[PDB]
Amino acid sequence: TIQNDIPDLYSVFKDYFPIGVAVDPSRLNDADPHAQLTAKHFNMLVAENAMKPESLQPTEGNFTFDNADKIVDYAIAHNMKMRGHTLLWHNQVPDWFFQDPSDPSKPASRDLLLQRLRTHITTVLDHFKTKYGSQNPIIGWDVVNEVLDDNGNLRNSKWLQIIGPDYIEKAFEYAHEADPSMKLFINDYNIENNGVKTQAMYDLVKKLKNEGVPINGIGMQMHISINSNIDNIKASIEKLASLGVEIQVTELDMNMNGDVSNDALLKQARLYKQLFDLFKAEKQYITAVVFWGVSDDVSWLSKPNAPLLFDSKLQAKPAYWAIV
């Protein structure tokens, strides 16, 4: 059971930005305490998996929107905004995209993979626009996800191998043409460390925006750790925001490196307090902060961990009280 009378987390930030959470379609029923936490503390939702490529078009032409629509319906019923995650990725993407269908031992051509990307993006955006119309809660999409490698070069996924570097520009062109009302983001991790990957994200977005690509924002996943440096995160946010794009914190959690002791929980609370004070200090750039999971027992990180504001018993942690 949850604590029903403590402060609603998102209301603490009502004069700053929405506070969201990533959810599983099976944890939205009234009797599920995870759903109760979701409705109480968040005013924005993201599908942790149900809107990834494999979760929407597992085989060619066979679209599977039921789980994504269950999350959308819940968001509408709870007056929540949503982010769409994600139109393109090199993981959780079916192999059929990249195969020649008449000889699956060979790769699809650049034109066939671009047409498949255009059809997937257009069908996905047209599905939510035609089914929900003005009630569509999705305000924007992660058009591409994790397109940089660790060294800052473009990740050599099958998209890059088959199409070349302009696949990124093409994904944003297709999404903007399908629904011009959507805010379009490029999303990535490790771009908060003010290292070579931050610089490569800045250079890539500067280049594409100068070329007229409709990129409206950068999503900083923010899978941080108990040892992260606030100064590096601040410098990264400011550098990326200097491009004249929105910043969203999209998959926030804190990796404890195996130390879930009470002392580490206190250290986590001080760091999360500093992180949210930084986000408030950057409110002219940040337009959403989303946590990657509702509570520690449903975090994607392997065990042991304690990455979020609500523990494995769904109770508010020291970090929750530090922030509120």
# chains A, B, ... in the order shown; residues from 1 in each chain; ligands from 1
$ select_by_dssp --residues "stretch 146-260 of chain A" --states "helix (DSSP H, G or I)" --output "JSON, numbers by chain"
{"A": [158, 159, 160, 161, 162, 163, 167, 168, 169, 170, 171, 172, 173, 174, 175, 176, 177, 178, 196, 197, 198, 199, 200, 201, 202, 203, 204, 205, 206, 207, 208, 209, 210, 230, 231, 232, 233, 234, 235, 236, 237, 238, 239, 240, 241]}
$ residues_around --residues "residue A:177" --least-positions-apart "3" --cutoff "12 Å" --atoms "only C-alpha atoms" --output "list in words"
residues 118, 119, 121, 122, 123, 125, 126, 170, 171, 172, 173, 174, 180, 181, 182, 184, 213 and 214 of chain A
$ write_last_selection --atoms "C-alpha atoms" --output "PDB file, in the first residue's frame"
ATOM      1  CA  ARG A 118       8.604   6.568 -43.343  1.00  0.00           C
ATOM      2  CA  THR A 119       5.685   4.094 -43.238  1.00  0.00           C
ATOM      3  CA  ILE A 121       6.667   6.779 -38.428  1.00  0.00           C
ATOM      4  CA  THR A 122       3.681   7.933 -40.472  1.00  0.00           C
ATOM      5  CA  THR A 123       1.452   5.040 -39.345  1.00  0.00           C
ATOM      6  CA  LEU A 125       1.745   9.252 -35.639  1.00  0.00           C
ATOM      7  CA  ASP A 126      -1.397   8.920 -37.774  1.00  0.00           C
ATOM      8  CA  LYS A 170      15.054  11.701 -42.754  1.00  0.00           C
ATOM      9  CA  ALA A 171      13.413  10.401 -39.549  1.00  0.00           C
ATOM     10  CA  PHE A 172      12.773  13.966 -38.381  1.00  0.00           C
ATOM     11  CA  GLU A 173      11.458  14.986 -41.854  1.00  0.00           C
ATOM     12  CA  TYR A 174       9.030  12.026 -41.880  1.00  0.00           C
ATOM     13  CA  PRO A 180       3.615  18.941 -37.444  1.00  0.00           C
ATOM     14  CA  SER A 181       2.073  19.528 -33.975  1.00  0.00           C
ATOM     15  CA  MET A 182       4.473  17.153 -32.337  1.00  0.00           C
ATOM     16  CA  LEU A 184      10.502  16.257 -32.034  1.00  0.00           C
ATOM     17  CA  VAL A 213      16.035  19.639 -39.881  1.00  0.00           C
ATOM     18  CA  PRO A 214      12.978  20.140 -37.563  1.00  0.00           C
TER      19      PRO A 214
END
$ residues_around --residues "stretch 276-293 of chain A" --least-positions-apart "2" --cutoff "7 Å" --atoms "only C-alpha atoms" --output "ChimeraX atom specification"
/A:16-23,234,241,246-253,272-274,295,298-299,323
$ select_by_dssp --residues "stretch 125-236 of chain A" --states "strand (DSSP E or B)" --output "list in words"
residues 138, 139, 140, 141, 142, 143, 144, 145, 148, 154, 183, 184, 185, 186, 187, 188, 217, 218, 219, 220, 223, 224 and 225 of chain A
$ write_last_selection --atoms "N, CA, C and O atoms" --output "short mmCIF file (atom, residue, chain, number, x, y, z; two decimals), in the first residue's frame"
data_model
loop_
_atom_site.label_atom_id
_atom_site.label_comp_id
_atom_site.auth_asym_id
_atom_site.auth_seq_id
_atom_site.Cartn_x
_atom_site.Cartn_y
_atom_site.Cartn_z
N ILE A 138 -0.13 12.86 -26.19
CA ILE A 138 1.30 12.90 -26.57
C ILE A 138 1.69 14.28 -27.09
O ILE A 138 1.08 14.76 -28.07
N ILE A 139 2.65 14.88 -26.47
CA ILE A 139 3.06 16.25 -26.89
C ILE A 139 4.24 16.26 -27.77
O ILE A 139 4.54 17.23 -28.45
N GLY A 140 4.96 15.11 -27.76
CA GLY A 140 6.18 15.02 -28.57
C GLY A 140 6.69 13.65 -28.54
O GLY A 140 6.24 12.81 -27.76
N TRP A 141 7.64 13.41 -29.46
CA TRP A 141 8.25 12.08 -29.62
C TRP A 141 9.78 12.17 -29.60
O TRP A 141 10.40 13.09 -30.11
N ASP A 142 10.36 11.08 -29.11
CA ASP A 142 11.80 10.76 -29.27
C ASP A 142 11.80 10.15 -30.68
O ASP A 142 11.39 8.96 -30.87
N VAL A 143 12.18 10.94 -31.65
CA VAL A 143 12.18 10.49 -33.05
C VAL A 143 13.29 9.51 -33.26
O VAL A 143 13.08 8.45 -33.92
N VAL A 144 14.47 9.82 -32.74
CA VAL A 144 15.58 8.86 -32.78
C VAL A 144 16.12 8.74 -31.36
O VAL A 144 16.14 9.71 -30.60
N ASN A 145 16.58 7.55 -31.06
CA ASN A 145 17.10 7.23 -29.75
C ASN A 145 18.51 6.61 -29.86
O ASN A 145 18.70 5.67 -30.64
N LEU A 148 24.25 8.09 -31.12
CA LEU A 148 25.69 8.32 -30.95
C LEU A 148 26.29 7.14 -30.27
O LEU A 148 25.66 6.46 -29.46
N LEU A 154 28.85 8.61 -34.86
CA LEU A 154 27.50 8.01 -35.06
C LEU A 154 27.58 6.50 -34.81
O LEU A 154 28.50 5.80 -35.29
N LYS A 183 6.27 17.94 -30.97
CA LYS A 183 7.60 18.34 -30.65
C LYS A 183 8.55 17.12 -30.92
O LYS A 183 8.29 16.09 -30.48
N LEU A 184 9.64 17.40 -31.59
CA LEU A 184 10.50 16.26 -32.03
C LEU A 184 11.80 16.32 -31.33
O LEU A 184 12.55 17.37 -31.42
N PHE A 185 12.15 15.22 -30.65
CA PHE A 185 13.37 15.11 -29.88
C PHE A 185 14.36 14.08 -30.37
O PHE A 185 13.95 13.03 -30.93
N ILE A 186 15.63 14.36 -30.16
CA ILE A 186 16.70 13.33 -30.28
C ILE A 186 17.08 12.98 -28.84
O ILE A 186 17.36 13.90 -28.03
N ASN A 187 17.11 11.72 -28.49
CA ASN A 187 17.28 11.30 -27.10
C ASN A 187 18.58 10.49 -26.92
O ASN A 187 18.86 9.66 -27.83
N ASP A 188 19.27 10.65 -25.81
CA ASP A 188 20.50 9.86 -25.64
C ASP A 188 20.90 9.86 -24.17
O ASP A 188 20.48 10.70 -23.36
N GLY A 217 14.00 19.56 -29.76
CA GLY A 217 14.57 19.35 -28.44
C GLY A 217 15.55 18.20 -28.37
O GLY A 217 15.64 17.34 -29.27
N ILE A 218 16.30 18.23 -27.27
CA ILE A 218 17.23 17.14 -26.95
C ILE A 218 16.75 16.50 -25.66
O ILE A 218 16.49 17.18 -24.63
N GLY A 219 16.57 15.18 -25.71
CA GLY A 219 16.27 14.39 -24.54
C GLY A 219 17.55 13.85 -23.90
O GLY A 219 18.37 13.20 -24.55
N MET A 220 17.75 14.21 -22.63
CA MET A 220 18.91 13.76 -21.88
C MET A 220 18.30 12.69 -20.98
O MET A 220 17.52 12.93 -20.06
N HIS A 223 20.47 8.71 -17.03
CA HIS A 223 20.69 7.50 -16.20
C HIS A 223 21.99 7.83 -15.47
O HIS A 223 23.07 7.45 -15.89
N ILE A 224 21.82 8.54 -14.35
CA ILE A 224 23.02 9.01 -13.58
C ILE A 224 23.40 7.98 -12.52
O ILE A 224 22.81 6.92 -12.46
N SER A 225 24.50 8.25 -11.84
CA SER A 225 24.89 7.33 -10.75
C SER A 225 25.11 8.11 -9.47
O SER A 225 25.16 9.33 -9.43
#
$ closest_residue --among "A:45, A:222, A:50, A:71" --to "residue A:83" --atoms "only C-alpha atoms"
A:45
$ atom_distance --atom1 "atom CA of residue A:116" --atom2 "atom CA of residue A:98"
9.2 Å
$ closest_residue --among "A:233, A:324, A:147, A:51" --to "residue A:13" --atoms "only C-alpha atoms"
A:324
$ closest_residue --among "A:29, A:110, A:202, A:178" --to "residue A:165" --atoms "only C-alpha atoms"
A:110
$ residues_around --residues "residue A:96" --least-positions-apart "4" --cutoff "9 Å" --atoms "only C-alpha atoms" --output "compact mmCIF listing (two decimals) with C-alpha atoms, in the first residue's frame"
# COMPACT_ATOMS: atom_id res chain seq x y z
CA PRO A 58 6.47 -6.80 -34.96
CA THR A 59 6.11 -8.04 -38.52
CA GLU A 60 5.71 -5.88 -41.62
CA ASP A 100 15.57 -7.81 -48.16
CA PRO A 101 12.15 -9.62 -48.05
CA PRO A 104 16.43 -12.38 -46.04
CA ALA A 108 17.39 -4.08 -47.35
$ atom_distance --atom1 "atom CA of residue A:240" --atom2 "atom CA of residue A:204"
10.6 Å
$ residues_around --residues "residue A:151" --least-positions-apart "3" --cutoff "10 Å" --atoms "only C-alpha atoms" --output "ChimeraX atom specification"
/A:148,154-155,195-197,200
$ atom_distance --atom1 "atom CA of residue A:259" --atom2 "atom CA of residue A:317"
15.1 Å
$ closest_residue --among "A:205, A:31, A:47, A:191" --to "residue A:232" --atoms "only C-alpha atoms"
A:191
$ decode --residues "stretch 64-110 of chain A" --atoms "N, CA and C atoms" --output "short mmCIF file (atom, residue, chain, number, x, y, z; two decimals), in the first residue's frame"
data_model
loop_
_atom_site.label_atom_id
_atom_site.label_comp_id
_atom_site.auth_asym_id
_atom_site.auth_seq_id
_atom_site.Cartn_x
_atom_site.Cartn_y
_atom_site.Cartn_z
N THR A 64 0.56 -3.33 -33.79
CA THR A 64 0.05 -3.79 -32.49
C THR A 64 -0.01 -2.65 -31.51
N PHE A 65 -1.08 -1.88 -31.58
CA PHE A 65 -1.21 -0.68 -30.73
C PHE A 65 -2.00 -0.90 -29.44
N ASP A 66 -2.45 -2.10 -29.16
CA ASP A 66 -3.31 -2.22 -27.96
C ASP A 66 -2.63 -1.79 -26.65
N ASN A 67 -1.40 -2.22 -26.41
CA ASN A 67 -0.77 -1.85 -25.14
C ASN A 67 -0.50 -0.35 -25.10
N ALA A 68 -0.03 0.24 -26.20
CA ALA A 68 0.24 1.68 -26.23
C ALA A 68 -1.10 2.42 -25.98
N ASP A 69 -2.18 1.98 -26.60
CA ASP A 69 -3.50 2.65 -26.45
C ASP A 69 -4.01 2.50 -24.98
N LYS A 70 -3.70 1.40 -24.30
CA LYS A 70 -4.11 1.27 -22.89
C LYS A 70 -3.43 2.34 -22.09
N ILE A 71 -2.13 2.66 -22.38
CA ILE A 71 -1.41 3.71 -21.63
C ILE A 71 -1.99 5.06 -22.00
N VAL A 72 -2.25 5.32 -23.28
CA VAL A 72 -2.82 6.57 -23.69
C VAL A 72 -4.18 6.76 -23.01
N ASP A 73 -5.02 5.75 -23.03
CA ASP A 73 -6.35 5.89 -22.39
C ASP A 73 -6.18 6.25 -20.95
N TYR A 74 -5.26 5.64 -20.22
CA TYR A 74 -5.05 5.95 -18.81
C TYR A 74 -4.59 7.36 -18.67
N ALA A 75 -3.70 7.83 -19.52
CA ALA A 75 -3.21 9.20 -19.42
C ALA A 75 -4.38 10.16 -19.59
N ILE A 76 -5.23 9.89 -20.55
CA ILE A 76 -6.38 10.82 -20.82
C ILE A 76 -7.27 10.78 -19.57
N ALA A 77 -7.50 9.61 -19.02
CA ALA A 77 -8.42 9.50 -17.83
C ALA A 77 -7.86 10.20 -16.62
N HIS A 78 -6.60 10.44 -16.51
CA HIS A 78 -5.90 11.08 -15.38
C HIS A 78 -5.30 12.45 -15.68
N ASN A 79 -5.73 13.04 -16.78
CA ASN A 79 -5.30 14.31 -17.20
C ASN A 79 -3.75 14.51 -17.20
N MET A 80 -3.13 13.55 -17.80
CA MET A 80 -1.67 13.50 -17.99
C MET A 80 -1.26 13.73 -19.42
N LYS A 81 -0.18 14.47 -19.52
CA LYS A 81 0.46 14.62 -20.83
C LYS A 81 1.33 13.34 -21.05
N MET A 82 1.78 13.13 -22.31
CA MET A 82 2.69 11.99 -22.60
C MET A 82 3.82 12.39 -23.50
N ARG A 83 4.91 11.65 -23.38
CA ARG A 83 5.99 11.68 -24.41
C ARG A 83 5.86 10.34 -25.16
N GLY A 84 6.16 10.38 -26.46
CA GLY A 84 6.16 9.20 -27.31
C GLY A 84 7.58 8.66 -27.35
N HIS A 85 7.74 7.42 -26.96
CA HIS A 85 9.07 6.77 -26.98
C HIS A 85 9.01 5.37 -27.67
N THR A 86 9.62 5.13 -28.77
CA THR A 86 10.46 6.02 -29.60
C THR A 86 10.28 5.47 -31.09
N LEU A 87 10.46 6.30 -32.05
CA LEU A 87 10.18 5.94 -33.44
C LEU A 87 11.32 5.12 -34.07
N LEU A 88 12.56 5.33 -33.60
CA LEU A 88 13.71 4.68 -34.14
C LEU A 88 14.71 4.37 -33.05
N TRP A 89 15.21 3.15 -33.07
CA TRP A 89 16.27 2.72 -32.14
C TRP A 89 16.98 1.52 -32.77
N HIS A 90 18.14 1.17 -32.27
CA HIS A 90 18.86 -0.01 -32.76
C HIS A 90 18.58 -1.20 -31.85
N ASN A 91 17.90 -1.02 -30.73
CA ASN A 91 17.43 -2.11 -29.91
C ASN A 91 15.90 -2.14 -29.92
N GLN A 92 15.33 -3.24 -29.54
CA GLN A 92 13.85 -3.43 -29.53
C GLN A 92 13.22 -2.99 -30.88
N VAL A 93 13.87 -3.48 -31.95
CA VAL A 93 13.51 -3.19 -33.31
C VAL A 93 13.53 -4.51 -34.05
N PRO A 94 12.47 -4.86 -34.75
CA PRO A 94 12.50 -6.16 -35.45
C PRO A 94 13.47 -6.23 -36.61
N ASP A 95 14.00 -7.44 -36.77
CA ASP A 95 14.96 -7.70 -37.83
C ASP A 95 14.39 -7.48 -39.21
N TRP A 96 13.06 -7.67 -39.40
CA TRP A 96 12.51 -7.58 -40.76
C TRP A 96 12.80 -6.23 -41.40
N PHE A 97 12.91 -5.15 -40.56
CA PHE A 97 13.18 -3.83 -41.18
C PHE A 97 14.42 -3.85 -42.08
N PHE A 98 15.40 -4.58 -41.63
CA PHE A 98 16.74 -4.50 -42.24
C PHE A 98 17.03 -5.59 -43.26
N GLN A 99 16.05 -6.45 -43.51
CA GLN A 99 16.25 -7.58 -44.46
C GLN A 99 15.56 -7.32 -45.76
N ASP A 100 16.20 -7.82 -46.85
CA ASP A 100 15.57 -7.81 -48.16
C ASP A 100 14.46 -8.93 -48.02
N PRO A 101 13.21 -8.59 -48.24
CA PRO A 101 12.15 -9.62 -48.05
C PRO A 101 12.16 -10.75 -49.06
N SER A 102 12.76 -10.54 -50.22
CA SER A 102 12.83 -11.64 -51.21
C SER A 102 14.10 -12.49 -50.99
N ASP A 103 15.05 -12.02 -50.19
CA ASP A 103 16.26 -12.77 -49.85
C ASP A 103 16.67 -12.28 -48.47
N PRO A 104 16.14 -12.82 -47.40
CA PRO A 104 16.43 -12.38 -46.04
C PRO A 104 17.82 -12.58 -45.52
N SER A 105 18.65 -13.13 -46.38
CA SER A 105 20.08 -13.32 -46.11
C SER A 105 20.87 -12.04 -46.49
N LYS A 106 20.18 -11.18 -47.17
CA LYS A 106 20.79 -9.92 -47.67
C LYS A 106 20.07 -8.75 -46.99
N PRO A 107 20.74 -7.59 -46.90
CA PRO A 107 20.15 -6.39 -46.29
C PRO A 107 19.23 -5.69 -47.22
N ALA A 108 18.24 -4.97 -46.63
CA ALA A 108 17.39 -4.08 -47.35
C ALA A 108 18.26 -2.93 -47.95
N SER A 109 17.83 -2.34 -49.04
CA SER A 109 18.52 -1.18 -49.68
C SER A 109 18.21 0.09 -48.87
N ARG A 110 18.95 1.15 -49.15
CA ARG A 110 18.68 2.45 -48.53
C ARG A 110 17.28 2.89 -48.84
#
